[PDB]
Amino acid sequence: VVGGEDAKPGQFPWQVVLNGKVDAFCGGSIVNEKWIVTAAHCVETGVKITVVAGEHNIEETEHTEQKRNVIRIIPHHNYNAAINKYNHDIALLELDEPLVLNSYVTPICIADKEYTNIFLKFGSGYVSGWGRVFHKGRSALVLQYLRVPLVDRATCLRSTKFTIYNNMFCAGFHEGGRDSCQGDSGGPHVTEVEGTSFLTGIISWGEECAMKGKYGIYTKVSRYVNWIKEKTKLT
Amino acid sequence: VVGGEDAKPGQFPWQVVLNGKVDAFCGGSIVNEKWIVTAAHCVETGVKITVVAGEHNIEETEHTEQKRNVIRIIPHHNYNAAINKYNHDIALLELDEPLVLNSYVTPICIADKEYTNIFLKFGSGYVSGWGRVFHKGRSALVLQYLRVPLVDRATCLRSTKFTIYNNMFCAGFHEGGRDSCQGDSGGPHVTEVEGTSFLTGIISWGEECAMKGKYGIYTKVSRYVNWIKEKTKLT
Amino acid sequence: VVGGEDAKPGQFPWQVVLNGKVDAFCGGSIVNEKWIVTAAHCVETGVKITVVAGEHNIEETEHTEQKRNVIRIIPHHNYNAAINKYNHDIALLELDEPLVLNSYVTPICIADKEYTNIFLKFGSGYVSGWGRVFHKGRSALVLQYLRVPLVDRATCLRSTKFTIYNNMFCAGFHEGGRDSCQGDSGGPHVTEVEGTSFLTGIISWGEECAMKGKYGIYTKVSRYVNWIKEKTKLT
Amino acid sequence: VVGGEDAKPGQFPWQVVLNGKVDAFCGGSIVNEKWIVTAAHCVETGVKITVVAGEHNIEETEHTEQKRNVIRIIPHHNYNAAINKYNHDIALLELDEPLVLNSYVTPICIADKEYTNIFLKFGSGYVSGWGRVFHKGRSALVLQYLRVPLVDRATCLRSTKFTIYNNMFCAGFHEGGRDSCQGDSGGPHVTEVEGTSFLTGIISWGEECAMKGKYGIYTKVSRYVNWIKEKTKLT
Amino acid sequence: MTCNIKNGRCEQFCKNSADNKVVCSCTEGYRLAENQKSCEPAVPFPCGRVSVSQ
Amino acid sequence: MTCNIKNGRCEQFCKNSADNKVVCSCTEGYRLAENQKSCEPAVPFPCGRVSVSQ
Amino acid sequence: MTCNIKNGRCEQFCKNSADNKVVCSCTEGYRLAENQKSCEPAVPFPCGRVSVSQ
Amino acid sequence: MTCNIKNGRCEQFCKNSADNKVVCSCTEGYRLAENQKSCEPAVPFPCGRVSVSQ
Ligand SMILES: NC(=[NH2+])c1ccc(N)cc1
Ligand SMILES: NC(=[NH2+])c1ccc(N)cc1
Ligand SMILES: NC(=[NH2+])c1ccc(N)cc1
Ligand SMILES: NC(=[NH2+])c1ccc(N)cc1
Ligand SMILES: [Ca+2]
Ligand SMILES: [Ca+2]
Ligand SMILES: [Ca+2]
Ligand SMILES: [Ca+2]
Ligand SMILES: [Cl-]
Ligand SMILES: [Cl-]
Ligand SMILES: [Cl-]
Ligand SMILES: [Cl-]
Ligand SMILES: [Cl-]
Ligand SMILES: [Cl-]
Ligand SMILES: [Cl-]
Ligand SMILES: [Cl-]
Ligand SMILES: [Cl-]
Ligand SMILES: [Cl-]
Ligand SMILES: [Cl-]
Ligand SMILES: [Cl-]
Ligand code: NA
Ligand code: NA
Ligand code: NA
Ligand code: NA
């Protein structure tokens, strides 16, 4: 996250970090004790992925952390990296052992399609992650967050030569300086409804981070909430 | 303006104040030396209106001010207070004598319909005025300004039982505390394009100012830019 | 109507003819015993208007006819001939004496806005009238009817340099030869729902009748059904 | 085709029939000498497919016919029978040997996305095939054709509990009696532009053929024209 | 089942109720038939109806 | 009064009933409060809630 | 005059030029006719054309 | 390259020309700068400009 602020411990208790060949290569959100939702492009790899919940400083111990192995990855069935790296950018990770729910390890709420879209259209979401604090920069140690406004779809399409699909939305600032960035992908874009946060997007991609005239591109979760609930069901 | 900030002198050199039976009952914007654009509901009266340009503190003298009388009022032809007080809320005031253009008395730019809408859809506009600083409060002495985000149309329609017409748009914050207010109506909603401000709205109405879950309602100027240019033409 | 067919007696028992300085200058539809709905441009005149219901051959007697005088005309409040001859092209005529309802003098049904639009979007309506049977031609003696398909809005806008407002819709055929025409204006565009006809449009205007690449333009009644019910209420 | 009419020889010289384990199980259209465009669900099989161009009566010889083997099938990359049998219902068949172009074996024109959609929105297309002449009926011997009107999207969605995707459009009649049917799938939906036919759809699916209150569902070719041109390129 | 699909099988108007139920209704001069879906004349000359033999 | 206006005053989810009535509901881990509009935790760690002191 | 109105009078394809001018074009197998609006066959069996007597 | 992408790099207004070219333009009181993309004042008090030191 470029131009955000340090989260306070447990401020985003649904946030998880994904660790592999490299630490904090992507984020994710807790759906329930056994499942994480992330971006499919994060998990288009043969390397083993570790999930860390209750995380605050990826280089310190707060005594609130929980590490798990990923035993199965379900990319959305429409995702196809050969055709497009970011269209239908959503996947689910099954954990080996359940997370233990507490003040620091709490699921994100997920409404149905209609309400996820109503929540998105309120127009102001929070993105969080341990991604780069500047374009081409170092990762954050302390989890970062940033409030981002929703961007009009035609305005977003005019901002780039790259195709913005209807499975994506844009959010962020024109002026540059504030945006999600490499390492944040997979993490949450949430909307707070009377103190209860709901998942409204997945941090997906962009061109250069926090560049003037450019926006953050996010997976439009409303189109996938049914699939999330159907694939992550426990009982 | 509730929850805004004091403008600096000449920061909004297109802003004018309208004075009548009561001072600063509405604002307006300079189209050219002889014409002001304002809200039609401001000028649905038989009382004489005075326009003041180059104004900063409505109770002090900066030596940059210019007072004019209104000789003719052109409400938009669709405006009809009997049917609806705020639909097609736009009017033009012809001044008796031309304003003298300077660093403190400068017109607002007005693009065509397509570009006024593109500018509006950038999603962040500035509103300014000497209206109330709190709902039911006192007027501001120093011109106030506030940056307001554009609001999704369906979200705005869901926020109120009152009809939001396609000649209007909504802007502002859900959380309450920041909004235009009585006395600001008629003034500008502008969008800055590479340092050049363009008129994107007319401050029109709302329910209680800066209330949580409520937005500012603005005249969608893009639908009227041709009429503005056609009626205010000098040569 | 160009390229239609003769109606059978009582096939359109809601249809009325408007007579003035010239016979059958427009049509109309029976709302109830005292009110006709027609096009506002038909009744932008100082000449007295006569309404004839139960009419089949405007030059013969079927013994099913009922003549009334118009005592008041209510053009829609948005109609403004100075700005545009056909935008908001709808008006109501109050009759001096009530029509006597029978198999030949029957009101047209009028649904609410939502259902009038659903009915319109079924895409096939009937237009009827005593208008010209060819462009610049003679009027019809026997009431004519024609089934017309709804036309895509962008396709209609591309067909003409004239503005097609959102208060209008287009219907008819590309190939030329079938269309409403002068003298039909004011009459009904109806949609049959399980044998019950509902008013979905008002015959309004067009360029040359039944010309290739041109369509009939109709008032979109859904936007006015509430006003019709509110102004024609008897008890 | 239910309720259509017999084509005249060479009236649809782009039409082909697909033969397999069963004759005339689907249709197709000639893109060029080596390629046919059809529906992906037609060619979700391991059985060998034969293509016949210049065909009129599938049980007679006109001396205008050309039989080819299919050497490769390219279903659109988004098609996924496991998720949905008809979404992205389009595929290409490469022929073993080129067809010889003549008055009876002629390609269908294919515009770009913008113009294919403009053509579709003209609202009247021709469908042709050797499919069933009644729901659950026998195949046609002589190629059948039927003009079908485009159906409003919301009207189509209201007609069925099955999902109508944005990759599909609906066309046909409410009243029942006229529609495409089993065996026509894969064949063309074309729009004539000043005597030149363009491909606007692929016959895809429906519930019971020609049922009242139901429509034919077609692949919206505009979304795939670029892919057709890119995959069928010869030089 | 739902007004969103086949007008909840109502001949004319449909309104959604709680728990996937619907209430059918008709225009002025008509009443909801026995089946609670169809509309039938409730007056001598109901609107939009052709009563003269065709 | 209606889900179409201010979410029928439901904090989270709203469903329209017959005759201008609405039923409010909440996401998993929450229950409809006394007022029949608000949502309150029904589990130890309800989703989307910050419970650590800020 | 403009592609936005009557396809700029092009039989098939239209592209807007500078200063309210347009350029008409045709699909593969066709060429722009003398009038610079109409499309005519440029090959023996142009696509989408019926050449058998009807 | 195209008005459809980044306003064809025009600071204010863009118009598409033939063969993937664009012409940039500016509002009243402004002129197209040397770069043929940017807008610069062509009058003493151009509209929408803040000229008082901030
Ligand atoms: N928002 C961005 N610019 C961004 C986000 C994620 C990412 N992987 C790259 C760029
Ligand atoms: N934005 C508002 N709440 C507002 C604006 C103008 C006004 N006259 C009243 C209220
Ligand atoms: N549909 C038409 N071309 C038409 C309809 C009415 C009319 N007054 C003139 C032309
Ligand atoms: N249009 C139809 N009802 C239809 C079309 C093709 C098909 N395979 C089945 C049904
Ligand atoms: Ca740590
Ligand atoms: Ca002063
Ligand atoms: Ca007569
Ligand atoms: Ca044969
Ligand atoms: Cl690093
Ligand atoms: Cl900001
Ligand atoms: Cl909210
Ligand atoms: Cl006061
Ligand atoms: Cl804010
Ligand atoms: Cl901007
Ligand atoms: Cl005559
Ligand atoms: Cl026809
Ligand atoms: Cl129907
Ligand atoms: Cl058979
Ligand atoms: Cl028909
Ligand atoms: Cl056409
Ligand atoms: Na930026
Ligand atoms: Na507020
Ligand atoms: Na025509
Ligand atoms: Na049917």
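Heads up, the Cβs are rebuilt from the backbone with ideal geometry, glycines too, and the neighbour counts pull from every protein chain shown. The values are calculated or read from the model by the stated rules, or taken from the named source; nothing here is a laboratory result.
Collect the residues in segment C:125-145 that are farther than 13 Å from residue C:27 by Cβ and not aromatic (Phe, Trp, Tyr), keeping them in residue-number order.
Once the filter is applied, which keeps residues that are farther than 13 Å from residue C:27 by Cβ and not aromatic (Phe, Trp, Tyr), segment C:125-145 yields C:125, C:133, C:135, C:136, C:137, C:138, C:141, C:142.
Considering every residue within segment F:44-52, establish whether at least one is crowded, with 19+ Cβ neighbours inside 10 Å, out of contact with any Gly (no Cβ under 8 Å at 6 or more places or on another chain) and at negative phi.
Scanning segment F:44-52, I find no residue that is crowded, with 19+ Cβ neighbours inside 10 Å, out of contact with any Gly (no Cβ under 8 Å at 6 or more places or on another chain) and at negative phi, so the answer is no.
Out of D:138, D:153, I need the residue that is within 13 Å of another protein chain (Cβ to nearest Cβ), of a type outside the set (S, T, N, Q) and free of Cβ contacts under 8 Å to residues at least 60 places away in the same chain. Which one?
D:153
Of the conditions (1) of a type in the set (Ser, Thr, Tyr); (2) surrounded by fewer than 17 Cβ atoms within 10 Å (Cβ to Cβ); (3) within 17 Å of residue D:110 (Cα to Cα), residue D:165 clears all except one; give me its number.
(3)
Mind listing whichever residues of segment A:144-166 are within 26 Å of residue A:14 (Cβ to Cβ) and among the charged types (D, E, K, R)?
A:147
Step by step: first the residues of segment B:197-235, then only those that are surrounded by 24 or more Cβ atoms within 10 Å (Cβ to Cβ) and among the β-branched types (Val, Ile, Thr), then the one that is farthest from ligand 18 (Cβ to nearest atom). Which residue is that?
Step by step, filter segment B:197-235, then rank; the result is B:203.
If residue E:7 satisfies every condition in (1) at positive phi; (2) part of a loop (DSSP other than H, G, I, E, B); (3) of a type outside the set (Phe, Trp, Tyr); (4) surrounded by 15 or more Cβ atoms within 10 Å (Cβ to Cβ) but one, which is the exception?
(2)
Does residue A:44 count as charged (D, E, K, R) and within 18 Å of residue A:219 (Cβ to Cβ)?
When the stated conditions are applied, residue A:44 passes them.
So, residue C:157, is that one closer than 30 Å to residue E:10 by Cα and away from ligand 15 (no atom under 16 Å from the Cβ) or not?
In short, no.
Hey, among D:92, D:99, D:146, which residue is more than 16 Å from ligand 7 (Cβ to nearest atom), touching a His at 6+ places or on another chain (Cβ under 9 Å), of a type outside the set (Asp, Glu) and touching a residue at least 40 places away in the same chain (Cβ under 8 Å)?
On inspection, the qualifying residue turns out to be D:92.
Can you tell me which condition residue C:193 does not meet? The list is (1) touching a helix residue (DSSP H, G or I) at 6+ places or on another chain (Cβ under 8 Å); (2) within 13 Å of chain E (Cβ to nearest Cβ); (3) within 30 Å of residue B:165 (Cα to Cα); (4) of a type outside the set (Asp, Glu), and all the others hold.
Of the numbered conditions (1) touching a helix residue (DSSP H, G or I) at 6+ places or on another chain (Cβ under 8 Å); (2) within 13 Å of chain E (Cβ to nearest Cβ); (3) within 30 Å of residue B:165 (Cα to Cα); (4) of a type outside the set (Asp, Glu), the odd one out for residue C:193 is (3).
Taking segment E:38-54 as the search range and keeping residues that are among the hydroxyl-bearing types (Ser, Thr, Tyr) and closer than 21 Å to residue C:126 by Cβ, which one is farthest from the other protein chains (Cβ to nearest Cβ)? Please lay out each step first, then the result.
Here is the first cut: in segment E:38-54, the ones among the hydroxyl-bearing types (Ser, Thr, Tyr) are E:38, E:51, E:53.
Narrowing the set further to residues that are closer than 21 Å to residue C:126 by Cβ leaves E:51, E:53.
Working: E:51: 5, E:53: 9 Å.
Per the stated criteria, the residue is E:53.
Taking residue D:171, is it more than 14 Å from chain G (Cβ to nearest Cβ), over 13 Å from residue D:2 (Cα atoms) and away from ligand 3 (no atom under 16 Å from the Cβ)?
So residue D:171 fits the description; yes.
Answer yes or no: is there a residue in segment B:121-131 that is closer than 25 Å to residue B:215 by Cβ and of a type in the set (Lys, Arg).
For segment B:121-131, residues closer than 25 Å to residue B:215 by Cβ and of a type in the set (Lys, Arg): present.
So which of H:48, H:8, H:29 ends up being closer than 16 Å to residue G:18 by Cβ, of a type in the set (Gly, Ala, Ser) and under 14 Å from the mean Cα position of the chain (by Cα)?
That would be H:8, the only listed residue that is closer than 16 Å to residue G:18 by Cβ, of a type in the set (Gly, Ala, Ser) and under 14 Å from the mean Cα position of the chain (by Cα).
Would you mention how many residues in segment H:14-37 are within 13 Å of chain G (Cβ to nearest Cβ) and within 18 Å of residue B:111 (Cβ to Cβ)?
Count: 7.
Residue by residue, here is whether (1) under 19 Å from residue C:155 (Cα atoms); (2) away from ligand 17 (no atom under 16 Å from the Cβ); (3) not charged (D, E, K, R) holds:
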| position | (1), (2), (3) |
| --- | --- |
| D:94 | no, yes, no |
| D:109 | no, yes, yes |
| D:119 | yes, yes, yes |
| D:181 | no, yes, yes |
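So, of the residues in segment A:1-39 that are of a type in the set (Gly, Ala, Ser) and in a loop (DSSP other than H, G, I, E, B), which turns out to be nearest to the chain's Cα centre (by Cα)?
Here is the first cut: in segment A:1-39, the ones of a type in the set (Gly, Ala, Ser) are A:3-4, A:7, A:10, A:20, A:24, A:27-29, A:39.
Okay, now just the ones that are also in a loop (DSSP other than H, G, I, E, B), so A:3-4, A:7, A:10, A:20, A:24, A:39.
Values: A:3: 17, A:4: 15, A:7: 15, A:10: 17, A:20: 17, A:24: 12, A:39: 7 Å.
So the residue we want is A:39.
Starting from residues that are within 14 Å of chain G (Cβ to nearest Cβ) and aliphatic (A, V, I, L, M), keep the ones in segment D:37-58 and report whichever is nearest to ligand 16 (Cβ to nearest atom).
Result: D:37.
If the Cβ limit is 8 Å and pairs must be 6+ apart or interchain, which residue in segment C:109-130 that is within 13 Å of residue C:146 (Cβ to Cβ) pairs with which residue that is among the aromatic types (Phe, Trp, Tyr) and assigned to a loop (DSSP other than H, G, I, E, B)?
Close Cβ pairs satisfying both conditions: C:126/C:12; C:128/C:12.
Kindly check whether there is at least one residue in segment D:79-98 that is of a type in the set (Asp, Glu) and either closer than 12 Å to residue D:16 by Cα or within 14 Å of chain A (Cβ to nearest Cβ) (or both).
No, there is no match, as no residue in segment D:79-98 is of a type in the set (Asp, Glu) and either closer than 12 Å to residue D:16 by Cα or within 14 Å of chain A (Cβ to nearest Cβ) (or both).
Conditions (1) assigned to a loop (DSSP other than H, G, I, E, B); (2) under 21 Å from residue D:34 (Cα atoms); (3) assigned by CATH to the domain that holds residue D:29, marked per residue:
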position	(1), (2), (3)
D:51	no, yes, yes
D:55	yes, yes, yes
D:59	yes, no, yes
D:64	yes, yes, yes
D:69	no, yes, yes
D:77	yes, yes, yes
D:87	yes, no, yes
D:94	no, yes, yes
D:100	yes, yes, yes
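Mind checking which pairs have a first residue in segment C:212-233 that is within 22 Å of residue C:162 (Cα to Cα) and a second that is part of a strand (DSSP E or B) and among the charged types (D, E, K, R), Cβ under 6 Å, 6 or more apart or different chains?
Listed by first residue and then by second, the contacts come to C:216/C:179.
Given A:191, A:155, A:163, which one is within 16 Å of ligand 21 (Cβ to nearest atom) and not aliphatic (A, V, I, L, M)?
Just one listed residue meets the conditions, A:155.
The conditions are (1) within 18 Å of the chain's Cα centre (by Cα); (2) more than 16 Å from ligand 5 (Cβ to nearest atom); (3) away from chain F (no Cβ under 14 Å), and residue A:126 fails exactly one of them. Which is it?
With (1) within 18 Å of the chain's Cα centre (by Cα); (2) more than 16 Å from ligand 5 (Cβ to nearest atom); (3) away from chain F (no Cβ under 14 Å) applied to residue A:126, the lone miss is (3).
Kindly provide the set of residues from segment E:1-30 that are of a type in the set (A, V, I, L, M, F, W, C) and under 18 Å from residue C:114 (Cα atoms), ordered by number.
Passing the criteria: E:3, E:5, E:10, E:13, E:14, E:22, E:23, E:24, E:26.
Which one of these is out of contact with any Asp or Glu (no Cβ under 6 Å at 6 or more places or on another chain), among the polar types (S, T, N, Q) and under 29 Å from residue E:25 (Cα atoms): C:78, C:57, C:87, C:102?
Just a single option satisfies the conditions, and that option is C:102.
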